[PDB]
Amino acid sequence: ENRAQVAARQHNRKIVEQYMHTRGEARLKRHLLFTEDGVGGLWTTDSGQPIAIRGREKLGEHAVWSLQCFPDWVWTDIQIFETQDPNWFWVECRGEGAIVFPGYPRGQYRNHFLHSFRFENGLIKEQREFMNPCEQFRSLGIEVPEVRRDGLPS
């Protein structure tokens, strides 16, 4: 069983690496790193509900959109964490690029990210990204509310 666990972890790490380094036109094929029922998406949004893209086909369709609205996106400062689960990885990184979001002025978006990758049978079953949406608000020209700190110590 330890052999099976070890085997899984090394292959899955390569897939996380490939995902995090997928750039440009290659993003159109990134969904091939998922299971047929794989899910990806953004877990931290203004509404408090995740935005999940469900299914390898819908993920492939969505990459076409992502290529237009984040045309030069790169992940940077990539740190991949294996865990005691050979099928679960976490990634700490930054990301940056132009943001061309429908209905908003073209801007530049930079943020810190955490990604969760869960695997099934050698491919990604669930990818989740977590960030501070306040930085995406700023990139879109949306006013960020400020918590009053006057009464706080520091």
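Here, rigid core means the biggest group of C-alpha atoms that superpose within 1.5 Å across both forms. Position 1 is the first residue in the sequence shown; the rest follow in order.
In terms of root mean square C-alpha deviation after superposing on the rigid core in 8 other deposited structures of this protein, the stretch standing farther out between 17-25 and 141-149 is 141-149. Relative to the displayed structure, the C-alphas of 96-104 lie farther away on average in 8 other deposited structures of this protein than those of the other candidate, with 30-38 and 96-104 compared after rigid core superposition. Once the C-alpha B-factors are averaged per stretch, 60-68 and 117-125 rank with 60-68 first. Averaged over their C-alpha atoms, the temperature factors of 19-27 and 6-14 are higher for 6-14. Highest C-alpha temperature factor among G103, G40, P86, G95, as the PDB entry reports it: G103. In the PDB entry, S47 places in the highest third of its chain by CA B-factor. Split the chain's modelled residues into thirds by C-alpha temperature factor. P133 is in the lowest one.
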